[PDB]
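Peer 1: Got a structure for you, coords.pdb, holding PDB, C-alpha atoms.
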ATOM      1  CA  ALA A1256       0.000   0.000   0.000  1.00  0.00           C
ATOM      2  CA  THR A1257       1.430   3.413  -0.890  1.00  0.00           C
ATOM      3  CA  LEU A1258       0.776   6.443   1.286  1.00  0.00           C
ATOM      4  CA  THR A1259      -0.765   9.279  -0.688  1.00  0.00           C
ATOM      5  CA  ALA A1260      -2.072  11.260   2.265  1.00  0.00           C
ATOM      6  CA  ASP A1261      -2.139  11.115   6.040  1.00  0.00           C
ATOM      7  CA  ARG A1262      -5.070   8.723   6.112  1.00  0.00           C
ATOM      8  CA  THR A1263      -5.043   7.755   2.466  1.00  0.00           C
ATOM      9  CA  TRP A1264      -3.109   4.693   1.373  1.00  0.00           C
ATOM     10  CA  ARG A1265      -3.100   3.408  -2.190  1.00  0.00           C
ATOM     11  CA  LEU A1266      -3.383  -0.353  -2.170  1.00  0.00           C
ATOM     12  CA  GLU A1267      -1.483  -1.783  -5.121  1.00  0.00           C
ATOM     13  CA  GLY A1268      -0.878  -5.177  -6.664  1.00  0.00           C
ATOM     14  CA  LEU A1269      -4.326  -6.244  -5.530  1.00  0.00           C
ATOM     15  CA  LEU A1270      -4.713 -10.004  -5.498  1.00  0.00           C
ATOM     16  CA  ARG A1271      -8.143 -11.518  -6.008  1.00  0.00           C
ATOM     17  CA  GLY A1272      -9.769 -14.942  -6.089  1.00  0.00           C
ATOM     18  CA  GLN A1273      -8.201 -16.291  -2.937  1.00  0.00           C
ATOM     19  CA  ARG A1274     -10.960 -18.243  -1.211  1.00  0.00           C
ATOM     20  CA  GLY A1275     -13.355 -16.696  -3.714  1.00  0.00           C
ATOM     21  CA  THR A1276     -12.231 -13.154  -3.074  1.00  0.00           C
ATOM     22  CA  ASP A1277     -12.957 -12.538  -6.756  1.00  0.00           C
ATOM     23  CA  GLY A1278     -16.237 -14.398  -6.480  1.00  0.00           C
ATOM     24  CA  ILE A1279     -18.053 -11.476  -4.859  1.00  0.00           C
ATOM     25  CA  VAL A1280     -16.417  -8.935  -7.195  1.00  0.00           C
ATOM     26  CA  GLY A1281     -17.308 -10.498 -10.525  1.00  0.00           C
ATOM     27  CA  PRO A1282     -21.031  -9.921 -10.103  1.00  0.00           C
ATOM     28  CA  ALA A1283     -20.499  -6.492  -8.538  1.00  0.00           C
ATOM     29  CA  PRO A1284     -17.532  -4.126  -8.961  1.00  0.00           C
ATOM     30  CA  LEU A1285     -16.360  -2.481  -5.742  1.00  0.00           C
ATOM     31  CA  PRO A1286     -18.327   0.668  -4.793  1.00  0.00           C
ATOM     32  CA  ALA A1287     -16.691   4.072  -4.405  1.00  0.00           C
ATOM     33  CA  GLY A1288     -17.142   3.965  -0.644  1.00  0.00           C
ATOM     34  CA  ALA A1289     -16.624   0.847   1.465  1.00  0.00           C
ATOM     35  CA  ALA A1290     -15.220  -0.023   4.882  1.00  0.00           C
ATOM     36  CA  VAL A1291     -11.887  -1.798   4.527  1.00  0.00           C
ATOM     37  CA  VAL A1292     -10.675  -3.609   7.611  1.00  0.00           C
ATOM     38  CA  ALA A1293      -7.234  -5.091   8.183  1.00  0.00           C
ATOM     39  CA  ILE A1294      -7.156  -8.514   9.742  1.00  0.00           C
ATOM     40  CA  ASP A1295      -6.317  -7.926  13.408  1.00  0.00           C
ATOM     41  CA  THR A1296      -6.569  -9.167  16.992  1.00  0.00           C
ATOM     42  CA  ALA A1297      -9.274  -6.576  17.637  1.00  0.00           C
ATOM     43  CA  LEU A1298     -11.491  -8.265  15.046  1.00  0.00           C
ATOM     44  CA  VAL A1299     -13.795 -10.544  17.002  1.00  0.00           C
ATOM     45  CA  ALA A1300     -15.574 -13.583  15.559  1.00  0.00           C
ATOM     46  CA  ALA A1301     -16.287 -15.940  18.484  1.00  0.00           C
ATOM     47  CA  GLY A1302     -19.267 -16.207  20.826  1.00  0.00           C
ATOM     48  CA  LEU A1303     -21.860 -17.071  18.202  1.00  0.00           C
TER      49      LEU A1303
ATOM     50  CA  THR B  50      34.372  18.667  71.152  1.00  0.00           C
ATOM     51  CA  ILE B  51      31.322  19.673  69.128  1.00  0.00           C
ATOM     52  CA  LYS B  52      30.011  16.726  67.160  1.00  0.00           C
ATOM     53  CA  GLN B  53      27.142  15.698  64.928  1.00  0.00           C
ATOM     54  CA  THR B  54      25.540  12.333  65.694  1.00  0.00           C
ATOM     55  CA  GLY B  55      25.763  10.052  62.677  1.00  0.00           C
ATOM     56  CA  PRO B  56      22.705  10.125  60.394  1.00  0.00           C
ATOM     57  CA  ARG B  57      21.101   7.184  58.584  1.00  0.00           C
ATOM     58  CA  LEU B  58      21.949   9.084  55.395  1.00  0.00           C
ATOM     59  CA  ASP B  59      22.109   7.015  52.187  1.00  0.00           C
ATOM     60  CA  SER B  60      21.005   3.669  53.628  1.00  0.00           C
ATOM     61  CA  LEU B  61      17.329   2.897  52.917  1.00  0.00           C
ATOM     62  CA  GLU B  62      17.139   5.690  50.344  1.00  0.00           C
ATOM     63  CA  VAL B  63      13.878   5.991  48.426  1.00  0.00           C
ATOM     64  CA  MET B  64      12.947   8.100  45.416  1.00  0.00           C
ATOM     65  CA  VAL B  65      10.889  11.121  46.422  1.00  0.00           C
ATOM     66  CA  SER B  66       8.298  12.854  44.240  1.00  0.00           C
ATOM     67  CA  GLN B  67       8.532  16.185  46.090  1.00  0.00           C
ATOM     68  CA  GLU B  68      11.118  18.686  44.805  1.00  0.00           C
ATOM     69  CA  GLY B  69      11.524  20.604  48.051  1.00  0.00           C
ATOM     70  CA  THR B  70      14.466  18.431  49.056  1.00  0.00           C
ATOM     71  CA  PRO B  71      17.898  19.663  47.943  1.00  0.00           C
ATOM     72  CA  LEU B  72      20.098  17.462  45.766  1.00  0.00           C
ATOM     73  CA  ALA B  73      22.869  15.329  47.296  1.00  0.00           C
ATOM     74  CA  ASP B  74      25.827  17.003  45.529  1.00  0.00           C
ATOM     75  CA  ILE B  75      28.171  14.142  46.486  1.00  0.00           C
ATOM     76  CA  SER B  76      31.920  14.781  46.673  1.00  0.00           C
ATOM     77  CA  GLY B  77      32.873  11.103  46.787  1.00  0.00           C
ATOM     78  CA  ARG B  78      31.761   7.660  45.656  1.00  0.00           C
ATOM     79  CA  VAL B  79      28.262   7.149  47.050  1.00  0.00           C
ATOM     80  CA  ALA B  80      25.224   5.251  45.777  1.00  0.00           C
ATOM     81  CA  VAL B  81      22.159   7.483  45.757  1.00  0.00           C
ATOM     82  CA  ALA B  82      18.558   6.589  44.970  1.00  0.00           C
ATOM     83  CA  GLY B  83      17.898  10.249  44.241  1.00  0.00           C
ATOM     84  CA  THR B  84      14.599  12.026  43.627  1.00  0.00           C
ATOM     85  CA  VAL B  85      12.403  11.462  40.600  1.00  0.00           C
ATOM     86  CA  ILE B  86      12.665  14.471  38.338  1.00  0.00           C
ATOM     87  CA  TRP B  87      10.727  15.306  35.171  1.00  0.00           C
ATOM     88  CA  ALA B  88       9.046  11.972  34.608  1.00  0.00           C
ATOM     89  CA  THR B  89       7.469  12.310  31.164  1.00  0.00           C
ATOM     90  CA  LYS B  90       3.936  11.604  32.311  1.00  0.00           C
ATOM     91  CA  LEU B  91       3.124   7.989  31.542  1.00  0.00           C
ATOM     92  CA  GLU B  92       2.375   5.921  28.466  1.00  0.00           C
ATOM     93  CA  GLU B  93      -1.048   4.376  28.946  1.00  0.00           C
ATOM     94  CA  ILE B  94      -0.993   1.748  26.202  1.00  0.00           C
ATOM     95  CA  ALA B  95      -3.731  -0.354  27.864  1.00  0.00           C
ATOM     96  CA  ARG B  96      -5.543   0.987  30.921  1.00  0.00           C
ATOM     97  CA  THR B  97      -7.240  -2.303  31.762  1.00  0.00           C
ATOM     98  CA  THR B  98      -7.214  -5.982  30.761  1.00  0.00           C
ATOM     99  CA  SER B  99     -10.044  -8.552  30.697  1.00  0.00           C
ATOM    100  CA  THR B 100     -10.530 -12.305  31.199  1.00  0.00           C
ATOM    101  CA  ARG B 101     -12.106 -14.599  28.607  1.00  0.00           C
ATOM    102  CA  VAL B 102     -15.045 -16.831  29.516  1.00  0.00           C
ATOM    103  CA  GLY B 103     -14.525 -18.809  26.319  1.00  0.00           C
ATOM    104  CA  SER B 104     -17.653 -20.495  24.996  1.00  0.00           C
ATOM    105  CA  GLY B 105     -19.966 -19.272  27.744  1.00  0.00           C
ATOM    106  CA  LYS B 106     -19.450 -15.615  26.896  1.00  0.00           C
ATOM    107  CA  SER B 107     -16.474 -14.412  24.882  1.00  0.00           C
ATOM    108  CA  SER B 108     -13.012 -15.871  24.285  1.00  0.00           C
ATOM    109  CA  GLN B 109     -11.758 -12.543  22.929  1.00  0.00           C
ATOM    110  CA  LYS B 110     -11.575 -10.666  26.250  1.00  0.00           C
ATOM    111  CA  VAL B 111      -7.907 -11.435  26.987  1.00  0.00           C
ATOM    112  CA  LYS B 112      -5.281  -8.814  26.078  1.00  0.00           C
ATOM    113  CA  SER B 113      -1.568  -9.411  25.420  1.00  0.00           C
ATOM    114  CA  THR B 114      -0.653  -5.729  25.138  1.00  0.00           C
ATOM    115  CA  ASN B 115       2.296  -4.156  26.963  1.00  0.00           C
ATOM    116  CA  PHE B 116       1.775  -2.626  30.400  1.00  0.00           C
ATOM    117  CA  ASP B 117       1.364   1.112  30.950  1.00  0.00           C
ATOM    118  CA  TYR B 118       3.483   3.801  32.600  1.00  0.00           C
ATOM    119  CA  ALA B 119       6.477   3.516  30.299  1.00  0.00           C
ATOM    120  CA  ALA B 120       8.103   6.887  30.845  1.00  0.00           C
ATOM    121  CA  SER B 121      11.291   8.851  30.974  1.00  0.00           C
ATOM    122  CA  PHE B 122      12.268   8.860  34.603  1.00  0.00           C
ATOM    123  CA  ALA B 123      14.925  11.535  34.684  1.00  0.00           C
ATOM    124  CA  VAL B 124      15.965  10.999  38.282  1.00  0.00           C
ATOM    125  CA  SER B 125      18.565  13.552  39.283  1.00  0.00           C
ATOM    126  CA  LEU B 126      21.007  12.235  41.848  1.00  0.00           C
ATOM    127  CA  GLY B 127      22.777  15.513  42.536  1.00  0.00           C
ATOM    128  CA  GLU B 128      23.784  18.912  41.206  1.00  0.00           C
ATOM    129  CA  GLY B 129      27.231  19.492  39.710  1.00  0.00           C
ATOM    130  CA  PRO B 130      29.515  17.515  37.380  1.00  0.00           C
ATOM    131  CA  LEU B 131      29.583  13.765  38.032  1.00  0.00           C
ATOM    132  CA  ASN B 132      31.535  10.718  36.866  1.00  0.00           C
ATOM    133  CA  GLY B 133      31.868   6.973  37.449  1.00  0.00           C
ATOM    134  CA  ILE B 134      28.254   5.914  36.987  1.00  0.00           C
ATOM    135  CA  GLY B 135      28.033   2.176  37.617  1.00  0.00           C
ATOM    136  CA  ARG B 136      26.259  -0.657  39.449  1.00  0.00           C
ATOM    137  CA  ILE B 137      22.751   0.770  39.121  1.00  0.00           C
ATOM    138  CA  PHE B 138      19.481  -1.130  39.745  1.00  0.00           C
ATOM    139  CA  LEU B 139      15.987  -0.590  41.140  1.00  0.00           C
ATOM    140  CA  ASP B 140      15.935  -3.833  43.094  1.00  0.00           C
ATOM    141  CA  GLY B 141      19.436  -5.209  43.390  1.00  0.00           C
ATOM    142  CA  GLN B 142      23.014  -4.352  42.553  1.00  0.00           C
ATOM    143  CA  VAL B 143      22.658  -4.330  38.726  1.00  0.00           C
ATOM    144  CA  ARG B 144      20.692  -5.210  35.568  1.00  0.00           C
ATOM    145  CA  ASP B 145      22.464  -7.039  32.764  1.00  0.00           C
TER     146      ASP B 145
ATOM    147  CA  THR C  98      -9.326 -17.673  40.828  1.00  0.00           C
ATOM    148  CA  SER C  99      -7.496 -20.256  38.687  1.00  0.00           C
ATOM    149  CA  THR C 100      -6.903 -21.040  34.994  1.00  0.00           C
ATOM    150  CA  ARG C 101      -7.145 -24.307  33.034  1.00  0.00           C
ATOM    151  CA  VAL C 102      -4.210 -26.180  31.516  1.00  0.00           C
ATOM    152  CA  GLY C 103      -6.620 -27.747  29.033  1.00  0.00           C
ATOM    153  CA  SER C 104      -5.827 -31.197  27.655  1.00  0.00           C
ATOM    154  CA  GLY C 105      -2.600 -31.783  29.572  1.00  0.00           C
ATOM    155  CA  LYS C 106      -4.343 -31.389  32.906  1.00  0.00           C
ATOM    156  CA  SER C 107      -7.868 -30.199  33.617  1.00  0.00           C
ATOM    157  CA  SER C 108      -9.726 -27.950  31.177  1.00  0.00           C
ATOM    158  CA  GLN C 109     -12.368 -26.891  33.710  1.00  0.00           C
ATOM    159  CA  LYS C 110     -10.145 -24.944  36.128  1.00  0.00           C
ATOM    160  CA  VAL C 111     -10.968 -21.456  34.794  1.00  0.00           C
ATOM    161  CA  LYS C 112     -12.654 -19.023  37.216  1.00  0.00           C
ATOM    162  CA  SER C 113     -13.739 -15.374  36.814  1.00  0.00           C
ATOM    163  CA  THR C 114     -14.070 -14.513  40.504  1.00  0.00           C
ATOM    164  CA  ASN C 115     -13.875 -10.881  41.651  1.00  0.00           C
ATOM    165  CA  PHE C 116     -11.764  -9.429  44.464  1.00  0.00           C
ATOM    166  CA  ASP C 117     -12.976  -9.998  48.009  1.00  0.00           C
ATOM    167  CA  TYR C 118     -13.027  -7.878  51.180  1.00  0.00           C
ATOM    168  CA  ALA C 119     -15.544  -5.325  49.958  1.00  0.00           C
ATOM    169  CA  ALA C 120     -16.473  -3.247  52.989  1.00  0.00           C
ATOM    170  CA  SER C 121     -18.240  -0.112  54.114  1.00  0.00           C
ATOM    171  CA  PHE C 122     -15.105   1.797  54.890  1.00  0.00           C
ATOM    172  CA  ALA C 123     -16.283   4.923  56.578  1.00  0.00           C
ATOM    173  CA  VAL C 124     -13.550   7.463  56.844  1.00  0.00           C
ATOM    174  CA  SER C 125     -14.173  10.236  59.271  1.00  0.00           C
ATOM    175  CA  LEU C 126     -12.587  13.430  58.060  1.00  0.00           C
ATOM    176  CA  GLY C 127     -13.107  14.854  61.522  1.00  0.00           C
ATOM    177  CA  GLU C 128     -15.756  15.727  64.076  1.00  0.00           C
ATOM    178  CA  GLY C 129     -18.296  18.505  63.608  1.00  0.00           C
ATOM    179  CA  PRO C 130     -20.556  19.400  60.676  1.00  0.00           C
ATOM    180  CA  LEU C 131     -18.749  19.486  57.342  1.00  0.00           C
ATOM    181  CA  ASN C 132     -19.715  20.887  53.952  1.00  0.00           C
ATOM    182  CA  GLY C 133     -18.252  21.400  50.485  1.00  0.00           C
ATOM    183  CA  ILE C 134     -17.362  17.784  49.805  1.00  0.00           C
ATOM    184  CA  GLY C 135     -15.393  17.612  46.561  1.00  0.00           C
ATOM    185  CA  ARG C 136     -12.338  16.263  44.724  1.00  0.00           C
ATOM    186  CA  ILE C 137     -12.408  12.809  46.299  1.00  0.00           C
ATOM    187  CA  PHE C 138     -10.251   9.903  45.062  1.00  0.00           C
ATOM    188  CA  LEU C 139      -8.231   6.966  46.395  1.00  0.00           C
ATOM    189  CA  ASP C 140      -5.364   7.343  43.948  1.00  0.00           C
ATOM    190  CA  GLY C 141      -5.474  10.809  42.467  1.00  0.00           C
ATOM    191  CA  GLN C 142      -7.598  13.932  42.578  1.00  0.00           C
ATOM    192  CA  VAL C 143     -10.871  12.419  41.215  1.00  0.00           C
ATOM    193  CA  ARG C 144     -12.789   9.567  39.494  1.00  0.00           C
ATOM    194  CA  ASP C 145     -15.251  10.049  36.637  1.00  0.00           C
TER     195      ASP C 145
ATOM    196  CA  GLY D1159     -19.159 -13.180  12.656  1.00  0.00           C
ATOM    197  CA  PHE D1160     -16.416 -10.583  12.614  1.00  0.00           C
ATOM    198  CA  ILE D1161     -16.963  -7.300  14.447  1.00  0.00           C
ATOM    199  CA  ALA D1162     -13.900  -5.049  14.408  1.00  0.00           C
ATOM    200  CA  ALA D1163     -14.682  -1.816  16.213  1.00  0.00           C
ATOM    201  CA  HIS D1164     -13.578   1.653  15.161  1.00  0.00           C
ATOM    202  CA  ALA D1165     -13.551   3.388  18.517  1.00  0.00           C
ATOM    203  CA  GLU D1166     -13.549   7.155  18.302  1.00  0.00           C
ATOM    204  CA  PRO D1167     -10.530   8.055  20.420  1.00  0.00           C
ATOM    205  CA  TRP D1168     -11.729   5.648  23.105  1.00  0.00           C
ATOM    206  CA  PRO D1169      -9.494   3.961  25.628  1.00  0.00           C
ATOM    207  CA  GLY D1170     -10.872   0.765  27.088  1.00  0.00           C
ATOM    208  CA  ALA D1171     -12.660  -2.484  26.380  1.00  0.00           C
ATOM    209  CA  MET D1172     -15.432  -2.486  23.807  1.00  0.00           C
ATOM    210  CA  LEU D1173     -18.352  -4.665  24.780  1.00  0.00           C
ATOM    211  CA  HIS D1174     -20.274  -6.274  21.980  1.00  0.00           C
ATOM    212  CA  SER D1175     -23.456  -7.852  23.241  1.00  0.00           C
ATOM    213  CA  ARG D1176     -25.862  -9.669  20.981  1.00  0.00           C
ATOM    214  CA  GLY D1177     -29.577  -9.716  21.672  1.00  0.00           C
ATOM    215  CA  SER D1178     -32.071 -11.165  19.219  1.00  0.00           C
ATOM    216  CA  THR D1179     -34.806  -8.956  20.611  1.00  0.00           C
ATOM    217  CA  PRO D1180     -35.379  -5.612  18.886  1.00  0.00           C
ATOM    218  CA  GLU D1181     -35.827  -3.854  22.212  1.00  0.00           C
ATOM    219  CA  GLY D1182     -32.337  -4.828  23.307  1.00  0.00           C
ATOM    220  CA  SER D1183     -31.931  -7.714  25.728  1.00  0.00           C
ATOM    221  CA  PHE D1184     -28.345  -8.158  24.598  1.00  0.00           C
ATOM    222  CA  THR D1185     -26.167 -10.931  26.009  1.00  0.00           C
ATOM    223  CA  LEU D1186     -22.434 -10.373  25.900  1.00  0.00           C
ATOM    224  CA  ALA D1187     -20.983 -12.244  22.972  1.00  0.00           C
ATOM    225  CA  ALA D1188     -17.752 -10.394  22.242  1.00  0.00           C
ATOM    226  CA  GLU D1189     -15.142  -7.969  23.554  1.00  0.00           C
ATOM    227  CA  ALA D1190     -12.826  -5.711  21.534  1.00  0.00           C
ATOM    228  CA  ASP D1191      -9.440  -4.453  22.752  1.00  0.00           C
ATOM    229  CA  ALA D1192      -9.319  -0.998  21.135  1.00  0.00           C
ATOM    230  CA  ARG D1193     -10.105   0.841  17.950  1.00  0.00           C
ATOM    231  CA  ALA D1194      -9.269  -1.591  15.171  1.00  0.00           C
ATOM    232  CA  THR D1195      -7.444  -0.385  12.115  1.00  0.00           C
ATOM    233  CA  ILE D1196     -10.184   0.473   9.641  1.00  0.00           C
ATOM    234  CA  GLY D1197     -10.172   2.187   6.269  1.00  0.00           C
ATOM    235  CA  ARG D1198     -12.672   3.983   4.067  1.00  0.00           C
ATOM    236  CA  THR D1199     -12.502   3.429   0.324  1.00  0.00           C
ATOM    237  CA  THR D1200     -12.516   6.566  -1.790  1.00  0.00           C
ATOM    238  CA  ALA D1201     -12.527   4.755  -5.141  1.00  0.00           C
ATOM    239  CA  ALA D1202     -14.536   2.297  -7.234  1.00  0.00           C
ATOM    240  CA  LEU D1203     -12.650  -0.630  -8.734  1.00  0.00           C
ATOM    241  CA  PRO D1204     -13.619  -3.189 -11.380  1.00  0.00           C
ATOM    242  CA  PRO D1205     -12.801  -6.764 -10.409  1.00  0.00           C
ATOM    243  CA  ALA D1206      -9.092  -7.515 -10.659  1.00  0.00           C
TER     244      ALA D1206
END
Take the structure in the file and write it out as structure tokens.
Peer 2:
Amino acid sequence: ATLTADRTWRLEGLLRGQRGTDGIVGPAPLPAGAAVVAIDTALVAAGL
Amino acid sequence: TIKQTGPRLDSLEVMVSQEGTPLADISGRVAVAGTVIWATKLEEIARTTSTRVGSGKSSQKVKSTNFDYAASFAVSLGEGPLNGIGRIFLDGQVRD
Amino acid sequence: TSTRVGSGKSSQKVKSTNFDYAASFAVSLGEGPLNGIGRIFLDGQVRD
Amino acid sequence: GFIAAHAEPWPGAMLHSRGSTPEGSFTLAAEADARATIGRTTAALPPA
């Protein structure tokens, strides 16, 4: 990812199709605004 | 002949937050705890930590983050030029 | 309060117990009527 | 179900409680350490 601004980072060399990453995209191209979240410890998936 | 009874002096020295006390200004080789001076506040990386209940509630409560209060403790032993700093430790003779 | 060692020992040892010795500490600030209570904290000037 | 939380300058645990009821009888299901790293897309991209 290349910093273009203090908050803005330009993701480059995007890789798609891993575990069907491309599968969602082929029907619908990514929208102008979306929430992009890095994988992290804070992310919580358990308890369901 | 006029005499001063020997004081406890350096033994059992503890760092003191208050700045009213004058600095030691040692003229020989003494070990001084000193008084904390200009601590740079504290670094509160994680104020509190939590315990996971696993399946019953949440297994994500536990935190591995570093403890708080990392700071620059600029303890000043004494005023004036000094040399021969060695053998220093909070709880013991020295740290590696 | 204790924690489990899982498979190697017992996996049921975990406990979430809180600290004990909760008491009605009543601290007398002195005899006689008093007013203007403010700025009270155990470890600092105040709590939220 | 992943729930990373973007805390707004908040220091402390984030409690995520899930309650099926609309009114809000939530039962704690998750806890988040701090604001997670999150990003907002400013661009629309065709599938790579």
Peer 1: Atom CA of residue B:106 to atom CA of residue C:114: how many Å, to one decimal?
Peer 2: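 Between these atoms lies a distance of 14.7 Å.
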Peer 1: Quick one: pull the distance between atom CA of residue A:1290 and atom CA of residue D:1166, Å, one decimal.
Peer 2: 15.3 Å
Peer 1: Show me, as CSV, the residues of chain D having an atom within 8 Å of chain B, each with the closest atom pair and its distance in Å, using all atoms listed in the file.
Peer 2:
residue,atom,partner,partner_atom,distance
D:1169,CA,B:96,CA,7.2
D:1170,CA,B:96,CA,6.6
D:1171,CA,B:97,CA,7.6
D:1186,CA,B:106,CA,6.1
D:1187,CA,B:107,CA,5.4
D:1188,CA,B:107,CA,5.0
D:1189,CA,B:110,CA,5.2
D:1190,CA,B:110,CA,7.0
D:1191,CA,B:112,CA,6.9
Peer 1: Please produce a file of those selected residues containing C-alpha atoms, as a PDB file, keeping the file's coordinate frame.
Peer 2:
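This went into out.pdb:
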ATOM      1  CA  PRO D1169      -9.494   3.961  25.628  1.00  0.00           C
ATOM      2  CA  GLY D1170     -10.872   0.765  27.088  1.00  0.00           C
ATOM      3  CA  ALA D1171     -12.660  -2.484  26.380  1.00  0.00           C
ATOM      4  CA  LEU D1186     -22.434 -10.373  25.900  1.00  0.00           C
ATOM      5  CA  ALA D1187     -20.983 -12.244  22.972  1.00  0.00           C
ATOM      6  CA  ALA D1188     -17.752 -10.394  22.242  1.00  0.00           C
ATOM      7  CA  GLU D1189     -15.142  -7.969  23.554  1.00  0.00           C
ATOM      8  CA  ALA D1190     -12.826  -5.711  21.534  1.00  0.00           C
ATOM      9  CA  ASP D1191      -9.440  -4.453  22.752  1.00  0.00           C
TER      10      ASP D1191
END
Peer 1: I'd like to know which of D:1193, D:1162, D:1174, D:1180 is closest to chain A, using only C-alpha atoms.
Peer 2: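 For chain A, the nearest of the candidates is D:1162.
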Peer 1: Distance limit 7 Å, atoms considered: only C-alpha atoms. Which chain D residues sit that close to chain A? Return them as a ChimeraX atom specification.
Peer 2: /D:1159-1162,1187-1188,1190-1192,1194-1206
Peer 1: At most 10 Å is the cut-off: for each residue in chain C with any atom that close to an atom of chain B, write down the nearest atom pair and the distance in Å rounded to one decimal, counting all atoms listed in the file, chain first then increasing number, as a tab-separated table.
Peer 2:
residue	atom	partner	partner_atom	distance
C:111	CA	B:102	CA	8.1
C:112	CA	B:102	CA	8.4
C:113	CA	B:100	CA	7.2
Peer 1: One decimal, Å: what's the distance from atom CA of residue B:129 over to atom CA of residue B:75, could you say?
Peer 2: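 Separation of atom CA of residue B:129 and atom CA of residue B:75: 8.7 Å.
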Peer 1: Write out as number ranges by chain each polymer residue whose atoms come within 10 Å of residue B:128, counting all atoms listed in the file; drop sequence neighbours fewer than 5 positions from it.
Peer 2: B: 71-75
Peer 1: What's the 9 Å shell around residue B:123, counting all atoms listed in the file, without same-chain residues fewer than 3 positions away, as a ChimeraX atom specification?
Peer 2: /B:84-89
Peer 1: How would the residues just picked look written out with C-alpha atoms as a PDB file, keeping the file's coordinate frame?
Peer 2:
ATOM      1  CA  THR B  84      14.599  12.026  43.627  1.00  0.00           C
ATOM      2  CA  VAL B  85      12.403  11.462  40.600  1.00  0.00           C
ATOM      3  CA  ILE B  86      12.665  14.471  38.338  1.00  0.00           C
ATOM      4  CA  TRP B  87      10.727  15.306  35.171  1.00  0.00           C
ATOM      5  CA  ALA B  88       9.046  11.972  34.608  1.00  0.00           C
ATOM      6  CA  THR B  89       7.469  12.310  31.164  1.00  0.00           C
TER       7      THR B  89
END
Peer 1: When you get a chance, write out N, CA, C and O atoms for stretch 114-125 of chain C, as a short mmCIF file (atom, residue, chain, number, x, y, z; two decimals), keeping the file's coordinate frame.
Peer 2:
data_model
loop_
_atom_site.label_atom_id
_atom_site.label_comp_id
_atom_site.auth_asym_id
_atom_site.auth_seq_id
_atom_site.Cartn_x
_atom_site.Cartn_y
_atom_site.Cartn_z
N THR C 114 -13.72 -15.16 39.24
CA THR C 114 -14.07 -14.51 40.50
C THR C 114 -13.49 -13.13 40.77
O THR C 114 -12.33 -12.86 40.49
N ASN C 115 -14.32 -12.24 41.32
CA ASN C 115 -13.88 -10.88 41.65
C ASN C 115 -13.14 -10.77 42.99
O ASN C 115 -13.18 -11.70 43.80
N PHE C 116 -12.49 -9.64 43.21
CA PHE C 116 -11.76 -9.43 44.46
C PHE C 116 -12.68 -9.41 45.67
O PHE C 116 -13.81 -8.93 45.60
N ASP C 117 -12.18 -9.93 46.79
CA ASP C 117 -12.98 -10.00 48.01
C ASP C 117 -12.81 -8.80 48.91
O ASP C 117 -12.42 -7.73 48.45
N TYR C 118 -13.18 -8.95 50.18
CA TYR C 118 -13.03 -7.88 51.18
C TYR C 118 -13.67 -6.55 50.82
O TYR C 118 -13.10 -5.49 51.10
N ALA C 119 -14.85 -6.58 50.22
CA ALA C 119 -15.54 -5.32 49.96
C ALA C 119 -16.17 -4.92 51.28
O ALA C 119 -16.81 -5.73 51.94
N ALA C 120 -15.98 -3.67 51.68
CA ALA C 120 -16.47 -3.25 52.99
C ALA C 120 -16.96 -1.82 53.00
O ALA C 120 -16.62 -1.04 52.12
N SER C 121 -17.78 -1.48 53.98
CA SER C 121 -18.24 -0.11 54.11
C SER C 121 -17.19 0.66 54.89
O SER C 121 -17.36 0.92 56.08
N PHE C 122 -16.11 1.03 54.21
CA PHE C 122 -15.10 1.80 54.89
C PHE C 122 -15.72 3.15 55.09
O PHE C 122 -16.12 3.81 54.13
N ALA C 123 -15.78 3.59 56.34
CA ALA C 123 -16.28 4.92 56.58
C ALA C 123 -15.12 5.70 57.11
O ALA C 123 -14.59 5.38 58.16
N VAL C 124 -14.71 6.74 56.41
CA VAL C 124 -13.55 7.46 56.84
C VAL C 124 -14.03 8.77 57.40
O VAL C 124 -14.62 9.58 56.69
N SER C 125 -13.77 8.99 58.68
CA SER C 125 -14.17 10.24 59.27
C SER C 125 -13.11 11.26 58.97
O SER C 125 -11.93 11.04 59.24
#
